[PDB]
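Structure first, then comments.
Heavy atoms only: backbone and side chains are in, while hydrogens, waters and symmetry mates are out. Counting from 1, the numbers follow the sequence of the chain as shown.
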Amino acid sequence: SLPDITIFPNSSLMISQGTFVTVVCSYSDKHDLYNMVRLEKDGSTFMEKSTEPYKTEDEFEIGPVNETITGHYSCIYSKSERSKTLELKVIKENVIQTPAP
């Protein structure tokens with residue numbers, strides 16, 4: 001294998017303007033009991049859908065992203081339980097070349 005690196009805290013992500021973000025909600029022990037899943041953003045429902053019948057993960061994709069996507073997110077499963085919260089900040093930064101002296 002290869003070595004790995006993990007950094008803490010890792011609940012606040014920087015996201016490039018224009019990219020597509022993938023959110024993977026998961027409820028591996030109890031998925032069978034819930035028929036709806038929603039992505040909550042800043043206290044409101046951002047997206048919602050029926051739970052997947054064939055696996056315990058549910059994906060939401062958002063893009064091309066802009067500054068309206070900046071915010072706090074959590075997955076909520078319902079028939080009601082929430083995940084931890086993650087923060088996203090969408091930024092537009094250019095590739096910058098520093099000249100040699």
Of the non-hydrogen atoms in [X] and [Y], which two are nearest, and what is the gap between them?
{"X": "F20", "Y": "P64", "value": "CZ-N, 3.5 Å"}
{"X": "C75", "Y": "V23", "value": "SG-CG1, 4.3 Å"}
{"X": "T85", "Y": "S11", "value": "O-CB, 4.2 Å"}
{"X": "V65", "Y": "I62", "value": "CG1-O, 3.6 Å"}
{"X": "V24", "Y": "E59", "value": "CG2-CG, 4.2 Å"}
{"X": "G71", "Y": "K41", "value": "CA-NZ, 4.1 Å"}

Would you kindly say whether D58 and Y77 are connected by a side-chain donor-acceptor distance under 3.5 Å? yes
Looking just at side-chain N and O atoms, do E57 and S26 make a donor-acceptor pair shorter than 3.5 Å? yes
Could you walk me through whether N94 and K92 satisfy the side-chain contact (heavy atoms from CB on, under 4.5 Å) test, starting with their C-alpha distance in whole Å, then the side-chain angles of each, then the deciding distance to 0.1 Å, before giving a yes or no? CA-CA 7 Å; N94 285 330; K92 193 232 172 306; 2.6 Å; yes
When rounded to the nearest 0.5 angstrom, what distance separates [atom1] in [X] from [atom2] in [Y]?
{"X": "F46", "Y": "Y73", "atom1": "CZ", "atom2": "OH", "value": "4.5 Å"}
{"X": "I69", "Y": "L88", "atom1": "CD1", "atom2": "CG", "value": "8.5 Å"}
{"X": "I91", "Y": "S16", "atom1": "CD1", "atom2": "OG", "value": "6.0 Å"}
{"X": "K55", "Y": "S28", "atom1": "NZ", "atom2": "OG", "value": "14.0 Å"}
{"X": "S78", "Y": "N35", "atom1": "OG", "atom2": "CG", "value": "8.0 Å"}
{"X": "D42", "Y": "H72", "atom1": "CG", "atom2": "NE2", "value": "7.0 Å"}

Return each pair, listed once, that meets salt bridge (charged side-chain N to carboxylate O under 4.0 Å, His left out) where at least one residue sits in residues 70-87; pairs must be two or more places apart or across chains. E40-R82
Check the hydrophobic clustering (I, L, V, M, F, W, Y; side-chain heavy atoms under 4.5 Å; chains of links allowed) and say if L13 and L39 are grouped together. yes
Is there a continuous path of hydrophobic side-chain contacts, each under 4.5 Å between heavy atoms, that joins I76 to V37? no
Taking side-chain hydrogen bond (donor to acceptor under 3.5 Å, both in side chains) as the definition, give me every residue that meets it alongside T68, ordered by chain and number, with sequence neighbours left out. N66
